[PDB]
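Student: Dropping a structure here in structure tokens format, bear with me for questions.
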Amino acid sequence: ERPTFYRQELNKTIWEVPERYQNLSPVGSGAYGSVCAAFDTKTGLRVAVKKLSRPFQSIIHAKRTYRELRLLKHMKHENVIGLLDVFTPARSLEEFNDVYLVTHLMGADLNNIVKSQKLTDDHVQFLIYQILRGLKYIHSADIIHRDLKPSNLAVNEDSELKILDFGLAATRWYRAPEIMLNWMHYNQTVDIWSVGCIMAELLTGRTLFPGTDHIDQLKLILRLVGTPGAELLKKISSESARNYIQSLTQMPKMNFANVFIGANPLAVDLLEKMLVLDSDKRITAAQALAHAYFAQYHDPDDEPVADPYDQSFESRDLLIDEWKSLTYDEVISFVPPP
Ligand SMILES: CCc1nc(-c2cccc(C)c2)c(-c2ccnc(NC(=O)c3ccccc3)c2)s1
């Protein structure tokens, strides 16, 4: 049942992959490992193959490898990066040292389709719809992305979009204010804040909150969404955090209609619901998909949710060989998608 593997050196690393993956071509590398483009002769698909670096070097590396693999195996949605294949040239656990991950080759992210231009309202609808459809699924697995930005959104020529965690082979511009401040209780709508920032930028052709630094970022945010009202302040536990809010100059929320000039009034309404300062009042991914702005794309019967995602491993402190063994189990149990 094991396919025939072949060796090949690139960039200065011995790749050992099953024969089905042909014409390996390095696309990039980093501290995580290396990625090659390949042709999958089994499927006729152009795939990316990633060889992890130092997957089991330490307890932390091993747990990270297991984390990454477990998550990828669980993410099964059109708008979220998933797994076509996972393999190892190892024939046993004792042999097991390398992990390779396989996914659809992606050639572009949101930045390089947009090219910092105004997109049409129809195009924005389609892109934002997809992000939110992916987010609904992600959030239903009780996961928060936390790092949504244009570089974490892969987009093909047909503007079909997938959410990434790591980009292709600043961030503060899309971060929710509660993360910018050190408010130690955030919800999934931190990702909705990010989506609103992305949406605004797609519509306007300009970064919504291009802060120069941490402080500037919050200044820019608060100028638009206002300083915390009395309802929000009542939910802030630390005196000094409230002291920090009050010390800074008090400004009203701007009317987004007087900000996003010429935009579809439904786009403006949705942005208002995404960019509420109080995260308790921020629209969810599922509620946003039902918003009238998405009427041409919304299908309540094809916006699926994820299976329950068991994240209990996160609280465990195990030895390297235990994490390695658990990862090995996940490699061998992988069933390709249909
Ligand atoms: C930075 C860490 C990365 N990991 C992957 C990856 C590869 C295989 C499997 C999985 C789960 C992730 C990446 C990936 C996935 C799919 N496509 C790409 N493609 C590219 O990076 C790319 C860039 C320019 C031109 C052509 C291709 C990268 S990037």
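Labeling convention for the structure tokens: chains A, B, ... as they appear, residues from 1 per chain, ligands from 1 in order of appearance.
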Skipping near chain neighbours, those fewer than 3 positions away, what residues fall within 12 Å of residue 310 (chain A) using only C-alpha atoms, listed as an MDAnalysis selection string?
Tutor: chainID A and resid 67 70:71 74 141:143 306:307 313:315
Student: Can you write out the residues you just picked, keeping C-alpha atoms, as an mmCIF file, in the first residue's frame?
Tutor:
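Final output, result03.cif:
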data_model
loop_
_atom_site.group_PDB
_atom_site.id
_atom_site.type_symbol
_atom_site.label_atom_id
_atom_site.label_comp_id
_atom_site.auth_asym_id
_atom_site.auth_seq_id
_atom_site.Cartn_x
_atom_site.Cartn_y
_atom_site.Cartn_z
ATOM 1 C CA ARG A 67 -1.137 21.093 16.663
ATOM 2 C CA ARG A 70 -4.459 18.092 13.912
ATOM 3 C CA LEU A 71 -5.918 21.449 12.857
ATOM 4 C CA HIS A 74 -9.998 19.006 10.888
ATOM 5 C CA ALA A 141 -14.946 24.619 15.655
ATOM 6 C CA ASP A 142 -14.412 27.016 18.592
ATOM 7 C CA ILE A 143 -11.273 28.436 16.917
ATOM 8 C CA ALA A 306 -17.258 22.116 11.449
ATOM 9 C CA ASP A 307 -17.364 18.997 13.582
ATOM 10 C CA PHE A 313 -4.136 18.370 23.906
ATOM 11 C CA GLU A 314 -3.362 22.083 24.356
ATOM 12 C CA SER A 315 -3.480 21.690 28.154
#
Student: Could you give me, as a PyMOL selection string, every polymer residue with an atom at most 9 Å away from an atom of ligand 1, counting only C-alpha atoms and all ligand atoms?
Tutor: chain A and resi 26-30+32-37+47-51+68-69+72+81-86+100-109+154+164-169
Student: Please report, as a Markdown table, each residue of region 65-167 of chain A lying at most 8 Å from region 286-297 of chain A, together with the nearest pair of atoms and the separation in Å rounded to one decimal; use only C-alpha atoms, and order rows by chain and ascending residue number.
Tutor:
| residue | atom | partner | partner_atom | distance |
| --- | --- | --- | --- | --- |
| A:125 | CA | A:294 | CA | 6.2 |
| A:126 | CA | A:297 | CA | 7.1 |
| A:129 | CA | A:294 | CA | 6.5 |
| A:132 | CA | A:289 | CA | 6.6 |
| A:133 | CA | A:289 | CA | 7.1 |
| A:136 | CA | A:286 | CA | 5.6 |
Student: Using the selection just defined, write its residues with N, CA and C atoms as a PDB file, in the first residue's frame.
Tutor:
ATOM      1  N   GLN A 125     -18.563  42.006  -2.391  1.00  0.00           N
ATOM      2  CA  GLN A 125     -19.584  41.097  -1.896  1.00  0.00           C
ATOM      3  C   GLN A 125     -19.099  39.661  -1.927  1.00  0.00           C
ATOM      4  N   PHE A 126     -18.590  39.229  -3.081  1.00  0.00           N
ATOM      5  CA  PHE A 126     -18.118  37.867  -3.300  1.00  0.00           C
ATOM      6  C   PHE A 126     -16.920  37.505  -2.409  1.00  0.00           C
ATOM      7  N   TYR A 129     -18.026  37.667   1.364  1.00  0.00           N
ATOM      8  CA  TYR A 129     -18.903  36.491   1.566  1.00  0.00           C
ATOM      9  C   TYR A 129     -18.081  35.241   1.894  1.00  0.00           C
ATOM     10  N   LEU A 132     -16.296  35.249   5.278  1.00  0.00           N
ATOM     11  CA  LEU A 132     -17.249  35.032   6.355  1.00  0.00           C
ATOM     12  C   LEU A 132     -17.761  33.597   6.384  1.00  0.00           C
ATOM     13  N   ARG A 133     -17.872  32.973   5.213  1.00  0.00           N
ATOM     14  CA  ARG A 133     -18.306  31.589   5.111  1.00  0.00           C
ATOM     15  C   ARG A 133     -17.245  30.686   5.734  1.00  0.00           C
ATOM     16  N   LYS A 136     -17.339  31.434   9.627  1.00  0.00           N
ATOM     17  CA  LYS A 136     -18.420  30.687  10.260  1.00  0.00           C
ATOM     18  C   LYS A 136     -17.973  29.276  10.610  1.00  0.00           C
TER      19      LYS A 136
END
Student: Please identify the strand (DSSP E or B) residues within region 16-202 of chain A (assignment by DSSP from backbone atoms) and present them as a PyMOL selection string.
Tutor: chain A and resi 16-18+21-30+33-40+45-52+77+80+85-87+100-104+109+153-155+161-163
Student: Give me the residues within 7 Å of residue 80 (chain A) as a VMD selection string, counting only C-alpha atoms and dropping any in the same chain fewer than 2 places off.
Tutor: chain A and resid 75 77 to 78 82 134 162 to 164
Student: Nearest residue to residue 206 (chain A) out of A:115, A:123, A:253, A:149, using only C-alpha atoms?
Tutor: A:115
Student: Do you have the CA of residue 10 (chain A)-CA of residue 46 (chain A) distance handy?
Tutor: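 We find that CA of residue 10 (chain A) and CA of residue 46 (chain A) lie 18.4 Å from each other.
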Student: So how many Å separate CA of residue 159 (chain A) and CA of residue 203 (chain A), to one decimal?
Tutor: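 Here the two named atoms are 15.5 Å from each other.
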Student: So what do you get for CA of residue 23 (chain A) versus CA of residue 6 (chain A), distance-wise?
Tutor: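 Value for the CA of residue 23 (chain A)-CA of residue 6 (chain A) distance: 11.9 Å.
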Student: Select, from A:79, A:325, A:237, A:312, the residue with the minimum atom-to-atom distance to residue 161 (chain A), counting only C-alpha atoms.
Tutor: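 Closest residue, counting only C-alpha atoms: A:79.
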